[PDB]
Amino acid sequence: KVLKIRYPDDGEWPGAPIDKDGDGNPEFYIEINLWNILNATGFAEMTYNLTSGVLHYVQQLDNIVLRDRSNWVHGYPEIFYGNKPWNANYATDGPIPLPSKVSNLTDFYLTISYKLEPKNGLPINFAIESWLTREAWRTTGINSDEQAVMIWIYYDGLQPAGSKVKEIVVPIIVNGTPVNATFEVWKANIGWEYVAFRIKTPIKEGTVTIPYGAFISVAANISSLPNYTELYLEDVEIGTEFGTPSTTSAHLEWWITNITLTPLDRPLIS
Ligand SMILES: OC[C@H]1O[C@@H](O[C@@H]2[C@@H](O)[C@H](O)O[C@H](CO)[C@H]2O)[C@H](O)[C@@H](O)[C@@H]1O
Ligand SMILES: OC[C@H]1O[C@@H](O)[C@H](O)[C@@H](O)[C@@H]1O
Ligand SMILES: [Ca+2]
Ligand SMILES: [Ca+2]
C-alpha cells in the first residue's frame with residue numbers, strides 16, 4: 001500500500017510506476033530524476049501512499065557535484081502522465097490519449113493540489129513540462145526540430161532559459177477562485193526549442209487548475225519549428241527543478257495530493 005523509491009539506494013535513476021488497479025498500464029510514473037547530479041551525500045526519497053493518494057518527496061542532499069555545470073539546474077524529481085521521451089517509462093491509464101498529435105488532441109484542464117517546502121533559500125520551481133516530438137512514441141531523447149514547453153506555477157531564485165518574449169494573460173483557477181493570471185513567455189534554443197511560461201505571482205501551495213491549450217497555442221504561435229501541428233504531445237510531467245551551479249546543498253520537501261486531467265470538447269490549439 002506504499003510505494004517507495006530512494007536515491008542512491010535504488011541506483012542513480014530510481015523510478016516506479018503507479019498502477020493502483022494492478023493492470024499493467026500505470027496511471028502515473030514517478031522518477032527521482034537527479035539528471036545533473038554526478039555525486040552527492042545524503043538521499044532523496046519519494047513515497048506514494050496508494051490508499052490516501054499522497055505523493056511525498058523528501059530530499060536532503062549535500063556535497064553536490066554536478067555532471068555539467070552549464071546545464072544549471074540539478075535535477076527534476078517528478079510525476080508524469082503519458083510517454084516520457086527520454087526513457088522507456090510511460091503511464092497511459094487516464095482519460096487523455098497521450099501521446100497524440102497536437103492537431104488531433106482535445107484541450108484539457110490540468111488540476112494539481114500540492115504544497116512546496118524548499119529549505120534554506122534553495123532555488124526551485126514547480127513546473128509542468130511537455131515534450132513535443134516528431135514520432136508518436138519516442139524513447140531515445142529529443143532532436144533540434146522538437147520542443148519542450150514548461151509552465152512554472154511557482155519559482156524562487158530561478159529564471160527560465162533563453163530570453164523573455166512577452167507576457168500573456170491565462171484564465172486559471174487558484175484555490176477554487178477563477179482569476180486572470182499573467183505568465184512571462186521565455187524562448188531558448190538548447191538542443192531543441194524551449195518555451196517556458198513563468199507565472200508572475202508564484203503559488204507555493206494550494207489547488208491550481210490551468211487550461212493546457214492556452215499554453216500550447218502560444219508555444220505553437222511563437223515557435224520557429226516547421227509543421228508544428230504535426231508534433232505529438234508526448235506527456236505531461238509535474239515536478240521541481242532545483243539548484244544552480246553554485247548550490248552545494250539542496251534540502252527540499254513537497255507533496256502532491258491530486259492530479260486530474262479533464263478533457264474539454266474543443267481543440268487543443270486555437
Ligand atoms: O539547462 C536547462 C535549464 O536551464 C535553466 O535556465 C538557466 C538560466 O536560469 C540561467 O540564467 O542561464 C542558464 C544558461 O543559459 C540556463 O540554463 C532553466 O531554468 C531550466 O528550466 C532548464 O531546464
Ligand atoms: O535535459 C535532458 C533530460 O535529461 C533526462 O535525463 C531527464 O530524465 C529529463 O527530465 C531531462 O529533461
Ligand atoms: Ca493501471
Ligand atoms: Ca518513455
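FYI, the numbering just counts along the sequence from 1. Every number for a ligand or one of its atoms is a count from 1 in the order of the listing. The analysis underlying the following values was restricted to heavy atoms, covering all of them including side chains, and did not include hydrogens, waters or symmetry mates.
- Every residue two or more places apart in sequence or in another chain that forms a ring pair (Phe, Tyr, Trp, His ring centres under 6.0 Å) with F108 is listed here: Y212.
- A salt bridge does not link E230 with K101: every distance from a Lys NZ or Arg NE/NH1/NH2 to an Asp or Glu carboxylate oxygen is 4.0 Å or more.
- Of the charged side-chain nitrogens involved, at least one lies within less than 4.0 Å of a carboxylate oxygen, so that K84 and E78 count as a salt-bridged pair.
- Remark: minimum distance from atom 12 (O) of ligand 2 to any protein heavy atom is reached at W131 CZ2, 3.5 Å.
- Legend: protein N/O/S atoms lying under 3.0 Å from the Ca ion (ligand 4), waters omitted, number 4.
- Using cut-offs of 30° and 60° for the angle between ring planes, the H56 and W255 rings count as parallel.
- Under the ring pair (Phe, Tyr, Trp, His ring centres under 6.0 Å) criterion, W152 pairs with no residue at all, not counting sequence neighbours.
- Shown here is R69, whose CZ atom has no more than 12 heavy atoms of other residues, nucleotides or ligands within 6.0 Å.
- Inter-residue side-chain proximity for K187 and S224 is flagged as met; some heavy-atom pair is nearer than 4.5 Å.
- For the atom pair CG of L61 and CG of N63, the computed distance is 10.0 Å after rounding to the nearest 0.5 Å.
- Proximity of the aromatic rings of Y194 and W186 is defined here by a centroid distance below 6.0 angstrom, and this criterion is not met.
- Within a 6.0 Å sphere centred on NZ of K119, other residues, nucleotides and ligands contribute more than 12 heavy atoms.
- When only interatomic distances are considered, the shortest N/O to N/O separation between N33 and ligand 2 falls below 3.5 Å.
- If you count the protein N, O or S atoms nearer to the Ca ion (ligand 3) than 3.0 Å, you get 6.
- The nearest heavy-atom contact from the protein to atom 2 (C) of ligand 2 is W86 CZ2, 3.6 Å.
- The closest approach between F80 and ligand 2 stays at or above 4.0 Å for every heavy atom of the residue.
- Atoms of ligand 2 lying under 4.0 Å from at least one heavy atom of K84, given by number and element, are 7 (C), 8 (O), 9 (C), 10 (O).
- Atom 6 (O) of ligand 2 has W35 CB, 3.8 Å as its closest protein atom, hydrogens excluded (heavy atom only).
- At least one donor-acceptor pair closer than 3.5 Å links the side chain of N49 to the backbone N or O of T51.
- By the 3.5 Å distance cut-off applied to N or O atoms, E237 is not counted among the residues near ligand 2.
- The 12-atom threshold is not exceeded at CG of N120, counting heavy atoms of other residues, nucleotides or ligands nearer than 6.0 Å.
- In the model, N33 has no side-chain atom that pairs as donor or acceptor with a side-chain atom of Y76 under 3.5 Å.
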